[PDB]
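K.L.:
One structure follows; several queries about it will come next.
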Amino acid sequence: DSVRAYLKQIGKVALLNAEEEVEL
Amino acid sequence: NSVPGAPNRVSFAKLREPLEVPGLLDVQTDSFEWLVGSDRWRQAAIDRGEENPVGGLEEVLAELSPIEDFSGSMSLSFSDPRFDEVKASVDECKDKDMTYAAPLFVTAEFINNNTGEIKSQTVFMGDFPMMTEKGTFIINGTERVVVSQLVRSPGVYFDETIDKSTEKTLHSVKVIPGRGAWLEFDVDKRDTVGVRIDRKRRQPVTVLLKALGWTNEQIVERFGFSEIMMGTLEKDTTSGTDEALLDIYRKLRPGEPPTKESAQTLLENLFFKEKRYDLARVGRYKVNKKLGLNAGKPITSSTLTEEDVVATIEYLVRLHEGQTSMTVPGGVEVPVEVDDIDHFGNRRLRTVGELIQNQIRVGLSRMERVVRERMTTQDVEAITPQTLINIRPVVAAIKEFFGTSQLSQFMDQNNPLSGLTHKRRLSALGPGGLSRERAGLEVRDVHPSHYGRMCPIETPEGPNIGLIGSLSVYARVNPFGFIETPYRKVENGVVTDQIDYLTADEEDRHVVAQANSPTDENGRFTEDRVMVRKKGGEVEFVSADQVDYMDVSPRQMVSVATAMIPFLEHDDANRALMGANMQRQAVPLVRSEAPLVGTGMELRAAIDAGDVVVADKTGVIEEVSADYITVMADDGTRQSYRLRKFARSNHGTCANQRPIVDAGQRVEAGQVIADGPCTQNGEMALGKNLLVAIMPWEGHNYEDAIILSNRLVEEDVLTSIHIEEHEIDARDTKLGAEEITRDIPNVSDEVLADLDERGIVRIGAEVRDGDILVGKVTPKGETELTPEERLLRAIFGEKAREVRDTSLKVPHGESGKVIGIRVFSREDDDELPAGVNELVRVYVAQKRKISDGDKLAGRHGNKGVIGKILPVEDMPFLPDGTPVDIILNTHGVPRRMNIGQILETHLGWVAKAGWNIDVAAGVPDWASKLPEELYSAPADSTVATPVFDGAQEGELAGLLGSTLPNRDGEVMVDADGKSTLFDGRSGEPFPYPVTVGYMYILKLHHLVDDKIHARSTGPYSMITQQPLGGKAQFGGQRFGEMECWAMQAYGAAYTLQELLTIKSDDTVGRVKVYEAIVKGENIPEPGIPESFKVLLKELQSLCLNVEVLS
Amino acid sequence: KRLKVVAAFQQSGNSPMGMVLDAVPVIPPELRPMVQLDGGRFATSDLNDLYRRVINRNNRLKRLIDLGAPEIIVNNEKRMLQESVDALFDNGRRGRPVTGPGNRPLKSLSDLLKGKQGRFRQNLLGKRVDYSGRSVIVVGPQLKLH
Amino acid sequence: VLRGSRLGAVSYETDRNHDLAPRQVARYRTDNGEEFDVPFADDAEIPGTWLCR
Amino acid sequence: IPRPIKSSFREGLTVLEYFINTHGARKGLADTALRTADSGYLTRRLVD
Amino acid sequence: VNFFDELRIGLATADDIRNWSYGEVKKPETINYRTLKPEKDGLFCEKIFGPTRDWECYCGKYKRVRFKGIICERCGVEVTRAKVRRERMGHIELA
Ligand SMILES: [Zn+2]
């Protein structure tokens, strides 16, 4: 399988905390 | 002999048989009884010295148990399998198209440890197909046989190969399990030892050694004598046990860095856990025997261990080092040599039981996965075992095996011998084995270990040569799966009637003598030296002092079919194979008759085939009829046997049984009371005895052709009944349900004259090709007729029928009498497929006589097509007026090396006309060896000449010279076996005497009725516009490449063009040519074949600009 | 080694931009037909499934670009579209081929010209012809040579 | 052994250009500047917009 | 094999001589099919 | 025909592919499940690849050979023999 590139590329951004979602 | 009803067939045998031929079908019945753990097998195992034996299904259930969820909070355990009575009888299963099976029940103990509860009740595991008596499975009405599979057994196999690169003898070893991954070792040309796990990239052995925890000191201590391992250790960079795991782990997981716990436990899980690796109880035995480990006890373990892997590595190193004998700490000394994978000491036989057991295991594994998944998501302490055990996957696996597996083949019911030889067939192909297009020559060549275990003569002559064979007459299957054969034990020059069954590898430890070697009256060898087999398979002379085993009988090496051929010595193996193969193709004749000259097998092969009916208990026949026989037993019980009449076999051959007993006759238990198709008085009868004259005749018998007397057509000597089945189903469609009716659109009243009220052809009516068998119609829907058709229908005014005719019609080139109809209707709650409403099957029987082109054959591999049938008066006749029934060409005998047919011809004449040796002043010298029973015999006296103990060449001459005078008081055939025949056409006697005798000839089933094809115009395929053929009416012949080469070589252009374009593919040109022919006009020019246009379109669809220009 | 290809493109006048596709052709339906067998069960060639994928991933892309999704999504969509086209032309040239139903690879366009089955191997092996028959032979000694 | 059919049926009629259906051609132009022709029957009622090749 | 078959087909081969003849019989029967393949190969190339 | 002198194979540009086609496939569907008819713009469209029935339109408005070569104004299907479905080609303009 070659879906690993997408998983890697999306893995370079960290998850949001509860207070960042409202700000965004 | 034991068989009570044997006709008195005098025998020429001179050697006393110490062992009786075993049950020829035991290989199937014993295996199946082992699978289900029948009480007979359980008692027999105890009689063999075993303790606490476990059946095949019990083994699977015990392996499955205990189902334990992680954290160990509960468990489940299956046990105690039980079988109830079969749902329906075999005859009813065949008639109604069901599967002959019995319900299966087990008990399931569910244990809840966190509360201590225990529950259990019977669980229904489904219908299990059952092997009927005589060894077959009834699946969906059809009869099927599961052929045993010959497969290389799990174990350790060392091999050595010399390489011209350095002229060194490199060594390698493979450890192959019955389950799990593979493991192998090898020694490279650079003086190093390598390891390959699961066929991955080569790695040094020291990596594996240090993975298990070995260090420098242990390797130096144990293997320090070998330079190669020391060099590998020196070159290896590994330092520390964890370092080896560091190297190993990333190979299987490139992206995940290793962790100590998982990396260390990976090796144990991969190999050293019975969960994922298994030797299957036979690889363990072979490894113990070879490496000398753990001998002397029934090891329950089946997983790889540390000691055995290092032992295998050390064995490889010593073998390279040059040792001839080796010992292991805590083990026993063993010899050192490479392993031959073709030896039957290494190849085992999966019987039917194991083949079924594997699929049962797979189904129960799926069931286990489902149960362990679903037990985590249900109420605890309120669940019940019957509410979560799902039996669907196991039933599905069982259904798939009997339906689609390559081994579950259609029963070969061509004749009793065909079925008998099919049941005990060995197949090297199929899943888990080899394939037809691979394995080259090595797997299929004969090998010295085949003696007495697998017949070397009988085998398919096509591409499956050697891949398919027949079990020997005396051979039996070992419980582990190996083939055993019996031998007599001989002590210090005297034989002893204690018979031991030896496996293939144990025979090589002894020297075995021939069965025919003479012995004194006391059993002592009379010769000083005897011809024996050696451990290497060679045949050599040896002093009588050194022998330790002896063959049971000369027939030990031949199969059932090969044992039928008389004078087998005088026929070359190439033609003996053909003779053995043809007997399986003989069709049953209307009245069968046993051969005058035959073999003692002809009797047993008939009884063991299961086609005849035998009395179960001693008694007196009370009532006899063409349909049933009622017998009153001496114990007061009454038995009734129903005789199947004119039943259609798998290949269309009639299978009529007939009684041979009279009311009031007393019959011993096991006595034959009704013949099968190809049997007479209990003896098999595949062909006919008839008078043959060996001479060329006007060229009509040129090139293997045969000439027959018209008598064989007048008196139904070679007539046979054939039965065909025609099936039609009425289903439903979007426009409504299609129906079966007598009335159908636009058919003459005469056509539907022989149709019942329900639209089926009346039983007993004569049917000819194109006649209506079942009247059927389907809704038509939109018509929108053309204006011409509209005008025509206005001219007569006939209605536009709402339905279209799709009636079942007799195929082209068929005819016969309608002998039966079987009808299924969904309105009666039948098991018809989904969307089906009605099914009708009509049986059409015909009475085929021998005609031109029908293939005839003998028992010695001589066959040919009947080139001419002449009237009786044209046949050559003996001086007494008897015409010869058949004439065979002389030029075909001497060069084909099948002279045994001449011996059979002479002995047949000797049998037909009685003989009386003139014992007036003592027995003649040539007759000194004959038994007293053979001194005289009346006319039409059957004789037996076993395949390797039959009449000698010297006794045939005397018997020919002592034949009794004929009816008129004169001898027709001289001592040389020749007679002065008279020419039937010119009347003059032939200038020289001609060999005449009685020969047994067979009518082969290779009738060309399904091989004669003709096509002017017919169906065309949907995808490729070319005609179809080989699987439907009006098939087209394939004009191959070499035929195109011949066309081009002739310089023939127009013929090739019309063959390739008009006749085959030019869609527009076909209709034009047809109308040109019909109207009498000259044929037009061809067009462009559809193939080329499709090629251009295909190339264009692939982004290639292809065009034609000038 | 390079000069051979470079001159091959340097000659014949035709441009080298043909190696990049702004549009792809569709084979006529009857060469990839859908046929209903007796009983109503349908049978269909693999091609009309491969094309379907190319039609899907293309359309989604034409949708995804319209709303201006981030490049992390648009580039993945483009990669998917190109992989689908590559599988349509030569299935298995990428690596592990697409399988669809069952566990068998789907036949691409190239597979109809490449293997034993095809219009370049099977076409030269001749064709079945009408006005033909077959039968066993016996010796006729009374026949004249013609 | 088994049979099927395409999504349509065949017609055996023969006639040729000796029968003429009165037809006229409409002209269309697309966004990119390409132009196309479409033959319609003389019953006309030609549409204002057409999906071209 | 260093031991010849000293019995003709008229006399009748013994059990073991007949057994050893099967090696050659089977070898030839299994070989012929592959043997035709090389001739076909050469003929195809010569025609091409 | 049959006067062919040579057959040449060369690279095909987007213009050639667009010239071969009679129309582009805009939707993935093939045939409707109920009426078993080719769909409006699917892989089996009659407007693109030709009629399914000889000299008959998809909508049945024109079903006579007199209309040979006529394009149905209602749905654009050409009146011609169904054999054209073995020759007509389409294309897919991809983003
Ligand atoms: Zn329309």
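Labels for the structure tokens follow display order: chains A, B, ..., residues from 1 in each chain, ligands from 1.
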Using only C-alpha atoms and all ligand atoms, find each protein or nucleic acid residue lying at most 10 Å from ligand 1; present the set as a list in words.

P.N.:
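Using only C-alpha atoms and all ligand atoms, everything at most 10 Å from ligand 1 comes to residues 46, 47, 51, 56, 57, 58, 59, 60, 61, 62, 63, 70, 71, 72, 73, 74, 75, 76, 77, 78 and 79 of chain F.
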
K.L.:
Based on the selection just made, write C-alpha atoms of those residues as a CSV table (one decimal), in the first residue's frame.

P.N.:
```csv
chain,number,residue,atom,x,y,z
F,46,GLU,CA,-26.1,6.3,-26.7
F,47,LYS,CA,-25.6,10.0,-27.5
F,51,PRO,CA,-27.9,3.8,-30.6
F,56,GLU,CA,-34.0,3.5,-33.5
F,57,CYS,CA,-33.6,6.4,-31.1
F,58,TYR,CA,-33.1,6.1,-27.3
F,59,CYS,CA,-36.5,7.8,-26.7
F,60,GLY,CA,-38.2,6.0,-29.6
F,61,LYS,CA,-39.2,9.2,-31.4
F,62,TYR,CA,-37.3,8.0,-34.6
F,63,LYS,CA,-37.5,4.3,-35.4
F,70,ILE,CA,-30.8,12.0,-38.3
F,71,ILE,CA,-29.8,13.3,-34.9
F,72,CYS,CA,-32.7,13.3,-32.5
F,73,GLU,CA,-33.3,16.9,-31.4
F,74,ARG,CA,-34.9,15.7,-28.2
F,75,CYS,CA,-31.9,13.6,-26.9
F,76,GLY,CA,-29.2,13.8,-29.6
F,77,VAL,CA,-29.0,10.1,-30.4
F,78,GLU,CA,-28.1,9.4,-34.0
F,79,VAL,CA,-30.3,7.1,-36.1
```

K.L.:
Excluding same-chain residues fewer than 2 positions from residue 130 of chain C, what lies within 10 Å of it counting only C-alpha atoms, as a count of residues only?

P.N.:
23

K.L.:
Segment 5-7 of chain A: which residues within 10 Å, counting only C-alpha atoms, same-chain residues fewer than 3 positions away excluded, as a VMD selection string?

P.N.:
(chain A and resid 1 to 2 10 to 12) or (chain C and resid 72 to 73 75 to 76)

K.L.:
Give me, as a short mmCIF file (atom, residue, chain, number, x, y, z; two decimals) with C-alpha atoms, in the first residue's frame, the residues of chain A that a backbone DSSP run labels helix (DSSP H, G or I).

P.N.:
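The new file part21.cif reads:
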```cif
data_model
loop_
_atom_site.label_atom_id
_atom_site.label_comp_id
_atom_site.auth_asym_id
_atom_site.auth_seq_id
_atom_site.Cartn_x
_atom_site.Cartn_y
_atom_site.Cartn_z
CA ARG A 4 1.69 6.09 3.80
CA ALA A 5 2.70 9.33 2.06
CA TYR A 6 -0.60 10.98 2.99
CA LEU A 7 -0.30 9.77 6.59
CA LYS A 8 3.23 11.17 6.81
CA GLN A 9 2.32 14.52 5.25
CA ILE A 10 -0.66 15.09 7.56
CA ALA A 18 -9.67 23.02 23.24
CA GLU A 19 -8.97 26.77 23.25
CA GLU A 20 -7.39 26.95 19.78
CA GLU A 21 -10.50 25.70 17.97
CA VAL A 22 -12.62 28.64 19.13
CA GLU A 23 -9.82 31.05 18.20
#
```

K.L.:
Counting only C-alpha atoms, collect the residues of chain C whose closest atom lies at most 12 Å from chain A, and write them out as a list in words.

P.N.:
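Output check: residues 70, 71, 72, 73, 74, 75, 76, 77, 79, 80, 83, 94, 95, 96, 97 and 98 of chain C.
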
K.L.:
Would you export the selected residues with N, CA and C atoms as a PDB file, in the first residue's frame, please?

P.N.:
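The file below, selection-v8.pdb, is the result:
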```
ATOM      1  N   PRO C  70      -7.249  23.172   0.819  1.00  0.00           N
ATOM      2  CA  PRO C  70      -5.799  23.303   1.003  1.00  0.00           C
ATOM      3  C   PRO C  70      -5.023  22.381   0.074  1.00  0.00           C
ATOM      4  N   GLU C  71      -3.770  22.763  -0.192  1.00  0.00           N
ATOM      5  CA  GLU C  71      -2.932  21.997  -1.112  1.00  0.00           C
ATOM      6  C   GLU C  71      -2.700  20.576  -0.615  1.00  0.00           C
ATOM      7  N   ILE C  72      -2.712  20.370   0.703  1.00  0.00           N
ATOM      8  CA  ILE C  72      -2.532  19.030   1.254  1.00  0.00           C
ATOM      9  C   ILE C  72      -3.610  18.074   0.763  1.00  0.00           C
ATOM     10  N   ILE C  73      -4.777  18.588   0.382  1.00  0.00           N
ATOM     11  CA  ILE C  73      -5.851  17.739  -0.130  1.00  0.00           C
ATOM     12  C   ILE C  73      -5.831  17.689  -1.653  1.00  0.00           C
ATOM     13  N   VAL C  74      -5.606  18.839  -2.291  1.00  0.00           N
ATOM     14  CA  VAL C  74      -5.618  18.906  -3.750  1.00  0.00           C
ATOM     15  C   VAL C  74      -4.487  18.073  -4.340  1.00  0.00           C
ATOM     16  N   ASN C  75      -3.290  18.152  -3.754  1.00  0.00           N
ATOM     17  CA  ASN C  75      -2.171  17.364  -4.252  1.00  0.00           C
ATOM     18  C   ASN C  75      -2.395  15.869  -4.074  1.00  0.00           C
ATOM     19  N   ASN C  76      -2.981  15.449  -2.951  1.00  0.00           N
ATOM     20  CA  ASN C  76      -3.327  14.043  -2.789  1.00  0.00           C
ATOM     21  C   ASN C  76      -4.350  13.613  -3.833  1.00  0.00           C
ATOM     22  N   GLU C  77      -5.315  14.483  -4.136  1.00  0.00           N
ATOM     23  CA  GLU C  77      -6.292  14.168  -5.173  1.00  0.00           C
ATOM     24  C   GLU C  77      -5.614  14.005  -6.530  1.00  0.00           C
ATOM     25  N   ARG C  79      -2.482  13.141  -7.073  1.00  0.00           N
ATOM     26  CA  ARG C  79      -1.743  11.884  -7.017  1.00  0.00           C
ATOM     27  C   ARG C  79      -2.673  10.704  -7.263  1.00  0.00           C
ATOM     28  N   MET C  80      -3.853  10.728  -6.643  1.00  0.00           N
ATOM     29  CA  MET C  80      -4.826   9.663  -6.859  1.00  0.00           C
ATOM     30  C   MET C  80      -5.267   9.592  -8.313  1.00  0.00           C
ATOM     31  N   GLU C  83      -2.464   8.071 -10.375  1.00  0.00           N
ATOM     32  CA  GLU C  83      -2.363   6.640 -10.116  1.00  0.00           C
ATOM     33  C   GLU C  83      -3.491   5.878 -10.794  1.00  0.00           C
ATOM     34  N   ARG C  94       2.894   0.198 -11.569  1.00  0.00           N
ATOM     35  CA  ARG C  94       3.163   0.976 -10.364  1.00  0.00           C
ATOM     36  C   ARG C  94       3.787   0.115  -9.273  1.00  0.00           C
ATOM     37  N   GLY C  95       3.353  -1.126  -9.160  1.00  0.00           N
ATOM     38  CA  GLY C  95       3.688  -1.977  -8.042  1.00  0.00           C
ATOM     39  C   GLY C  95       2.646  -3.083  -7.919  1.00  0.00           C
ATOM     40  N   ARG C  96       2.095  -3.222  -6.721  1.00  0.00           N
ATOM     41  CA  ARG C  96       1.013  -4.175  -6.525  1.00  0.00           C
ATOM     42  C   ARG C  96      -0.221  -3.700  -7.291  1.00  0.00           C
ATOM     43  N   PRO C  97      -0.784  -4.517  -8.181  1.00  0.00           N
ATOM     44  CA  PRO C  97      -1.897  -4.045  -9.010  1.00  0.00           C
ATOM     45  C   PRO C  97      -3.207  -3.989  -8.240  1.00  0.00           C
ATOM     46  N   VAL C  98      -4.137  -3.194  -8.774  1.00  0.00           N
ATOM     47  CA  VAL C  98      -5.489  -3.160  -8.233  1.00  0.00           C
ATOM     48  C   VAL C  98      -6.184  -4.484  -8.530  1.00  0.00           C
TER      49      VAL C  98
END
```

K.L.:
Residues of chain F within 6 Å of chain C, counting only C-alpha atoms, what are they? List them as a PyMOL selection string.

P.N.:
chain F and resi 13-14+17+28+85-94

K.L.:
Give me the residues near residue 37 of chain D as a list in words, where near means some atom within 9 Å (using only C-alpha atoms) and where sequence neighbours in that chain fewer than 4 positions away do not count.

P.N.:
residues 25, 26, 27, 28, 29 and 52 of chain D

K.L.:
With a distance threshold of 8 Å and counting only C-alpha atoms, extract the residues of chain D near chain B and express them as a ChimeraX atom specification.

P.N.:
/D:1,4-5

K.L.:
May I ask you to extract the residues of chain B within 10 Å of chain E, using only C-alpha atoms, and to give them as a ChimeraX atom specification?

P.N.:
/B:440-442,444-448,450-451,455-457,459,461-466,514-516,531-533,538-540,554-558,567-575,577,897-900,903,947-949,952-954,1041-1042,1045

K.L.:
So which residues touch residue 351 of chain B within 8 Å, counting only C-alpha atoms, skipping near sequence neighbours fewer than 3 positions away, as a CSV table (one decimal) with N, CA, C and O atoms, in the first residue's frame?

P.N.:
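Once written, result02.csv looks like this:
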```
chain,number,residue,atom,x,y,z
B,27,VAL,N,-8.0,-48.7,1.9
B,27,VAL,CA,-7.3,-47.4,2.0
B,27,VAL,C,-8.3,-46.3,2.2
B,27,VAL,O,-8.0,-45.3,2.8
B,28,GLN,N,-9.6,-46.4,1.8
B,28,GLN,CA,-10.6,-45.4,2.0
B,28,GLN,C,-11.3,-45.6,3.3
B,28,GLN,O,-11.5,-44.7,4.1
B,31,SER,N,-9.3,-45.1,6.6
B,31,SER,CA,-9.0,-43.7,6.8
B,31,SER,C,-10.3,-43.0,7.3
B,31,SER,O,-10.2,-42.2,8.3
B,147,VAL,N,-9.6,-38.7,-3.8
B,147,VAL,CA,-8.3,-39.4,-4.2
B,147,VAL,C,-7.2,-39.1,-3.2
B,147,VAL,O,-7.1,-37.9,-2.9
B,148,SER,N,-6.5,-40.1,-2.7
B,148,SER,CA,-5.4,-39.8,-1.8
B,148,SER,C,-4.3,-39.0,-2.5
B,148,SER,O,-4.1,-39.1,-3.7
B,149,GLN,N,-3.7,-38.1,-1.8
B,149,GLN,CA,-2.7,-37.2,-2.3
B,149,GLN,C,-1.3,-37.5,-1.8
B,149,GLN,O,-1.1,-37.6,-0.6
B,354,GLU,N,-7.5,-37.4,6.4
B,354,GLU,CA,-6.7,-36.2,6.7
B,354,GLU,C,-7.1,-35.0,5.8
B,354,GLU,O,-7.1,-33.9,6.3
B,355,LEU,N,-7.5,-35.3,4.6
B,355,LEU,CA,-8.0,-34.2,3.7
B,355,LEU,C,-9.2,-33.6,4.2
B,355,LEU,O,-9.3,-32.3,4.2
B,481,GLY,N,0.9,-42.2,7.5
B,481,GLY,CA,0.8,-41.8,6.1
B,481,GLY,C,1.7,-42.5,5.1
B,481,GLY,O,1.6,-42.3,3.9
```

K.L.:
Determine which residues of chain F sit within 7 Å of chain B, taking into account only C-alpha atoms, and present them as a list in words.

P.N.:
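Every residue meeting the condition is included here: residues 4, 5, 6, 7, 8, 9, 10, 11 and 12 of chain F.
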
K.L.:
Write out, as an mmCIF file, in the first residue's frame, the residues just selected, with N, CA, C and O atoms.

P.N.:
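Full text of out.cif as output:
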```cif
data_model
loop_
_atom_site.group_PDB
_atom_site.id
_atom_site.type_symbol
_atom_site.label_atom_id
_atom_site.label_comp_id
_atom_site.auth_asym_id
_atom_site.auth_seq_id
_atom_site.Cartn_x
_atom_site.Cartn_y
_atom_site.Cartn_z
ATOM 1 N N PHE F 4 -4.101 -0.844 -49.070
ATOM 2 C CA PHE F 4 -3.184 -0.304 -48.076
ATOM 3 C C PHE F 4 -1.745 -0.431 -48.557
ATOM 4 O O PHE F 4 -1.323 -1.491 -49.027
ATOM 5 N N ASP F 5 -0.990 0.659 -48.435
ATOM 6 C CA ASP F 5 0.422 0.679 -48.794
ATOM 7 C C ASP F 5 1.334 0.527 -47.587
ATOM 8 O O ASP F 5 2.355 -0.163 -47.671
ATOM 9 N N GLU F 6 0.992 1.154 -46.464
ATOM 10 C CA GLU F 6 1.792 1.034 -45.256
ATOM 11 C C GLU F 6 0.929 1.389 -44.054
ATOM 12 O O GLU F 6 -0.137 1.996 -44.185
ATOM 13 N N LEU F 7 1.412 0.993 -42.879
ATOM 14 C CA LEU F 7 0.745 1.268 -41.610
ATOM 15 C C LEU F 7 1.759 1.893 -40.664
ATOM 16 O O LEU F 7 2.803 1.294 -40.394
ATOM 17 N N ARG F 8 1.461 3.089 -40.163
ATOM 18 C CA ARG F 8 2.395 3.826 -39.325
ATOM 19 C C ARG F 8 1.809 4.039 -37.936
ATOM 20 O O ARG F 8 0.597 4.207 -37.771
ATOM 21 N N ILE F 9 2.691 4.029 -36.939
ATOM 22 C CA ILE F 9 2.325 4.210 -35.541
ATOM 23 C C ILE F 9 3.165 5.346 -34.975
ATOM 24 O O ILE F 9 4.387 5.364 -35.151
ATOM 25 N N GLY F 10 2.512 6.288 -34.296
ATOM 26 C CA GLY F 10 3.208 7.430 -33.739
ATOM 27 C C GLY F 10 2.500 7.962 -32.513
ATOM 28 O O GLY F 10 1.383 7.558 -32.184
ATOM 29 N N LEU F 11 3.175 8.889 -31.836
ATOM 30 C CA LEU F 11 2.614 9.495 -30.638
ATOM 31 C C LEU F 11 1.316 10.220 -30.968
ATOM 32 O O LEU F 11 1.178 10.832 -32.030
ATOM 33 N N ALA F 12 0.361 10.146 -30.046
ATOM 34 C CA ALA F 12 -0.924 10.813 -30.183
ATOM 35 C C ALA F 12 -1.009 11.946 -29.172
ATOM 36 O O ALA F 12 -0.866 11.720 -27.966
#
```
